Amino acid sequence: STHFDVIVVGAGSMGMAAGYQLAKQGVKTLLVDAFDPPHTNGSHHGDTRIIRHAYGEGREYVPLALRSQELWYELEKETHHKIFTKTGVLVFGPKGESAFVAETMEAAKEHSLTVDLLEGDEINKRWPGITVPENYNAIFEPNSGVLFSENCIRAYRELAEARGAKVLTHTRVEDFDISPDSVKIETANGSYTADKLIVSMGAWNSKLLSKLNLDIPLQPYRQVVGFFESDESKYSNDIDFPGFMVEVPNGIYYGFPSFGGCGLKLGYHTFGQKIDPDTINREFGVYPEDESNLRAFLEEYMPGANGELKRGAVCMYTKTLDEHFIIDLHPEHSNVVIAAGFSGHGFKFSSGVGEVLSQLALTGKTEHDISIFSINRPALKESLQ
Ligand SMILES: *Cc1cc2c(cc1C)nc1c(=O)[nH]c(=O)nc-1n2C[C@H](O)[C@H](O)[C@H](O)COP(=O)(O)OP(=O)(O)OC[C@H]1O[C@@H](n2cnc3c(N)ncnc32)[C@H](O)[C@@H]1O
Ligand SMILES: [Cl-]
């Protein structure tokens, strides 16, 4: 006997942001999560997340990145939790051999972003601790940085709850019942109804969207990161070592400077094990590649940051065929909003996405251009049962 204006299923990166946007507008919201966010079972732990504006995945993401950036600065002011540190983000790769670096450069020009262009020894000179070949070039973004992802979700949650949003934890939604004028969810702890539904279950979207008659390719991947003891006089945020996402012959890697001596953190972006979110092995180091793919990069490009492994984490990407997100209304139900397939690079946009999801749930439209994330785009290979 407790109807809600809006029900958000999956209160993680995207869901909690949306719940915050909804609650702030006096919209009676219920957020349901299988665990207790922030947690270490989804796609948002590992402490830090890079936010970039000049976007190598595609210049069309710049508007949402700039808006998310303004929203993170707003969040920083509203909570006691630390949200963002402006480390700047370095992107580099072999000259003329990286579509990623090239699009980052074009995105910067097209949106008049502030960036520094440098190459070869200039990179190694500017940042002691980085050793790239002379044929490498780079684009550094000084005003980009690092987000503390767990803190972000915790802040959004605390603020949304203070405004009246209810968060039902450790409750797995197992099925949905959608009608032309209402939505209903089913869980072992009871069922709930609302006028609108937002679906943002991360890796589990690949197993449960079928319950909404959707058939979209979504593949979860096991993606690890490691924190390594480093030469603090070189890799510390304190001496301005940047966050980074770079392309080398064998793939793309991303990392963060050491914060307060935690050690430089690194991840291998283009490779991960295909897995199922309910059977994934979340222990770091069980596959020899977990640690060796990271050191393979470090010994070659950041040799002073290749010491003892201090900590490891195991997390998940959920990829779509084109690696672009899905943010749109359910093709058959205008009262159901879907947010999925963030393909390993969506956290930085979570603030902006929560705003988008809130707009879609309340008005069936958004002021943002989200056409590139259409659930009906051909590259997605979407369908219904
Ligand atoms: C894993 C990873 C991802 C990542 C990254 C490094 C790693 C190791 N670095 C990033 C970076 O530097 N910059 C960036 O912009 N993104 C980066 N990412 C990607 C980003 O973390 C992901 O795209 C993002 O976290 C996706 O968010 P989403 O909201 O989709 O996923 P979630 O945070 O896991 O939340 C989903 C929640 O839903 C719940 N759930 C699942 N099933 C159910 C059911 N049945 N009922 C109720 N709730 C459910 C989960 O519990 C979870 O909380
Ligand atoms: Cl993802």
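Note that these values count all heavy atoms, side chains included, but never hydrogens, waters or copies made by symmetry. For reference, positions follow the sequence shown, starting with 1. Note that ligands are numbered from 1 as they come in the structure, with each ligand's atoms numbered from 1 the same way.
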Measure the distance from [atom] to every protein heavy atom, then report the residue, atom name and distance (to 0.1 Å) of the closest one.
| atom | result |
| --- | --- |
| atom 38 (O) of ligand 1 | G10 CA, 3.2 Å |
| atom 9 (N) of ligand 1 | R49 CD, 3.4 Å |
| atom 29 (O) of ligand 1 | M14 N, 3.0 Å |
| atom 46 (N) of ligand 1 | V173 N, 2.8 Å |
| atom 1 (C) of ligand 1 | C315 SG, 1.9 Å |
| atom 14 (C) of ligand 1 | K348 NZ, 3.3 Å |
| atom 21 (O) of ligand 1 | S43 O, 2.7 Å |

Do [X] and [Y] have a side chain donor and acceptor closer than 3.5 Å?
| X | Y | value |
| --- | --- | --- |
| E247 | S98 | yes |
| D278 | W204 | yes |
| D369 | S371 | yes |

Any nitrogen or oxygen of [X] lying under 3.5 Å from a nitrogen or oxygen in ligand 1? Just yes or no.
| X | result |
| --- | --- |
| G344 | yes |
| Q223 | no |
| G346 | yes |
| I50 | yes |

Can you tell which part of [X] has a heavy atom less than 4.0 Å from ligand 1: side chain, backbone, both or neither?
| X | answer |
| --- | --- |
| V224 | neither |
| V32 | backbone |
| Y254 | side chain |
| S13 | both |
| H345 | backbone |
| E174 | neither |
| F347 | both |
| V225 | side chain |

Closest heavy-atom contact between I139 and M105?
CD1-CA, 3.7 Å

Within 45° of the axis and under 6.0 Å from the centre of the six-membered ring of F256, does NZ or CZ of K265 qualify?
yes

Please tell me whether [X] and [Y] form a close aromatic pair, meaning their ring centres lie under 6.0 Å apart.
| X | Y | answer |
| --- | --- | --- |
| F325 | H345 | yes |
| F259 | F148 | yes |
| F373 | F342 | no |
| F349 | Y55 | yes |

Of all the atoms in ligand 1, which lie at a distance below 4.0 Å from a heavy atom belonging to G202?
30 (O), 31 (O), 36 (C)

Here the atoms of ligand 1 under 4.0 Å from any heavy atom belonging to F342 are 23 (O), 30 (O)

Are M316 and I50 connected in the hydrophobic side-chain network, where two residues link if heavy atoms are under 4.5 Å apart?
no

Hey, what's the ring geometry for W72 with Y156, parallel, tilted or perpendicular (30° and 60° as the breaks)?
tilted

Quick one: do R126 and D116 make a salt bridge, cutoff under 4.0 Å?
yes

